[PDB]
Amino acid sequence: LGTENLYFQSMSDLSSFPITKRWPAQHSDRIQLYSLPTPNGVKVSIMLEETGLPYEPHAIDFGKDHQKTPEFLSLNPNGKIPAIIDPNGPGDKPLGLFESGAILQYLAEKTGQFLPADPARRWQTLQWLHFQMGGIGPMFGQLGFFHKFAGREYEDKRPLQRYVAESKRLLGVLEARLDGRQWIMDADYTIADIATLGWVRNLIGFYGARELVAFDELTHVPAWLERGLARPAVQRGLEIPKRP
């Protein structure tokens, strides 16, 4: 039975995941994070920092098309960051996950942190998560393409006007929700805030759209953003992994 015990150990380390051939794990007993500090990547590094889970971060170099490599694609077939491998997954077996949304939900369940205990407020929290994932992320990103990236050279500005109006409309929904609340779920800081902070920060910072979306006419979203940014875990998460 020496062979059989080696077999059971093999299913608990990470050599069965082909991504590790390109980004080797130094700490096979820690969550492997494959990411960049983009608005989507930082959701997960922030969550990991807020939970105190040990992890090992790996920058994925998009300049070299490393997200298009067979090794990266074996974990996320969509070719995007973030992705993780949790060696201590359900049933003490390693689990790979892509999609920031699935990962945030996974880490909140794993740790019993950043999701209300109350069943109704838990469901409510997931609506706001889904709101960021289907609305905020994709729409702010389209604004970015037409304002900051290659879409900015297109002469017809109606696309740009469309994503500016939708980004402002989304911010207005946040603004009514944060009127009289500390966090999206009131006194509880949750994966809904962790999903959303980076995108708002990015919109008014890197994207250079602060005036474009009339951000400084808002009251409640700016104060909420300031609250999130004062959290040490947010400050840490925002710069992990270092850019390659």
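Quick note: we count residues from 1 along the sequence shown, nothing fancier.
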*Could you check which stretch, 138-146 or 110-118, carries the larger mean CA temperature factor in the entry?*
110-118
*60-68 set against 34-42, stretch whose average Cα temperature factor tops the other in the entry*: 60-68
*asked:* Between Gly228, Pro222, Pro24, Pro232, which one tops the list for Cα B-factor in this entry?
replied: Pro24
*asked:* Just the C-alpha B-factor column, please: which of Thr51, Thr196, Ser28, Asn202 has the biggest number?
replied: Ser28
*Which third of the chain does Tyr55 land in by C-alpha B-factor: lowest, middle or highest?*
highest
_Ranked against its chain, the third holding the CA B-factor of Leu95_ = highest
*Using the B-factors in the PDB entry, rank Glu153's C-alpha atom against the chain and give the third, lowest, middle or highest.*
highest
*Comparing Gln105 with the other modelled residues of its chain, is its CA B-factor in the lowest, middle or highest third?*
lowest
*What third of its chain, lowest, middle or highest, does the C-alpha temperature factor of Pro87 fall into?*
highest
